[PDB]
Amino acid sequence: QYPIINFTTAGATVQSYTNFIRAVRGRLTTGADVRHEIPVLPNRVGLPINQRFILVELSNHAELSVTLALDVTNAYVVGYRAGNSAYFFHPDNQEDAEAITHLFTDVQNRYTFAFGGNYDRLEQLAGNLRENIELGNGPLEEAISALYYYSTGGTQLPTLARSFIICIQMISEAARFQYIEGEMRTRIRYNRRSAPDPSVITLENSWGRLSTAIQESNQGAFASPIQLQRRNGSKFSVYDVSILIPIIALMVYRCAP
């Protein structure tokens, strides 16, 4: 059985959310591979299948429970279990298709969506962009129930896609970025729901490119600038890893030191 981390929205606090995101990071990578003080996720090359994934069990006030599966090599959600049904995003290639056969083996119903789990396709299926899909404890609660009832005929596809968009940002992206995690802790702290601002959106969009720029930097200095956004629309460029150290908590593996 793959490692499991639990979070509940019932009575969730700043602290309980922080313990949860910390716990997820502790099982995503060992922390022994660090570039310019930023941890690196395990190399897909060499990673045995029995260490490929981690499980995140979510529950809410109604004690509906759902289990997301995260690829440790990129911290992203590849599918989820609800009751005795399991669903998976369309894998990109054949090996990822084979690797997910090792998830939720006990489950009696297994399905692969025709769509992948990238934001662009989830947004069109949800009928809305991340910039308008509110985040917070409340949205996570509702996303959990919608995911649970999808096995039942009670969750339409846009609401499912919207629930995926909520869970991925609040779990995977918060794991990748202390910045995004702090944005989620802001919402939990004040019991507010809020769509992410452009700084969050551009960070999510740039995660791969940021990982490559940092790992192939010459002593922290990038070969090319990466364009980010402030919380207002305003754009700025980053030429060095120094400002990103408190912003990014995990990087996808790109190359050897």
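Residue numbers here begin at 1 and follow the sequence given.
Participant: Where do the C-alpha atoms have the higher mean temperature factor in this entry, in 147-155 or in 77-85?
Facilitator: Result: 147-155.
Participant: Pick between 195-203 and 218-226: the one whose mean CA B-factor in the entry is higher.
Facilitator: Result: 218-226.
Participant: Whose CA atom has the top B-factor in the entry, of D106, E173, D71, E123?
Facilitator: Spelled out: the listed residue with the top C-alpha B-factor is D106.
Participant: Which of these has the highest Cα B-factor in the record: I21, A12, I243, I248?
Facilitator: The C-alpha B-factor peaks, among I21, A12, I243, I248, at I243.
Participant: Rank-wise, by C-alpha B-factor, drop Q169 into the lowest, middle or highest third of its chain.
Facilitator: Its C-alpha B-factor belongs to the lowest third of this chain's values.
Participant: When the deposited Cα B-factors of this chain's modelled residues are ordered and cut into thirds, is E134 in the lowest, the middle or the highest one?
Facilitator: Middle third, going by the recorded CA B-factors of the chain.
Participant: In terms of the chain's CA B-factor thirds, is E183 lowest, middle or highest?
Facilitator: As the PDB entry reports it, the C-alpha B-factor of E183 lands in the middle third of its chain.
Participant: For the chain shown, is the CA B-factor of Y111 in the lowest, middle or highest third of its modelled residues?
Facilitator: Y111: CA B-factor falls in the highest third of its chain.
Participant: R209: which third of its chain by C-alpha temperature factor?
Facilitator: According to the entry, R209 has a C-alpha B-factor in the chain's middle third.
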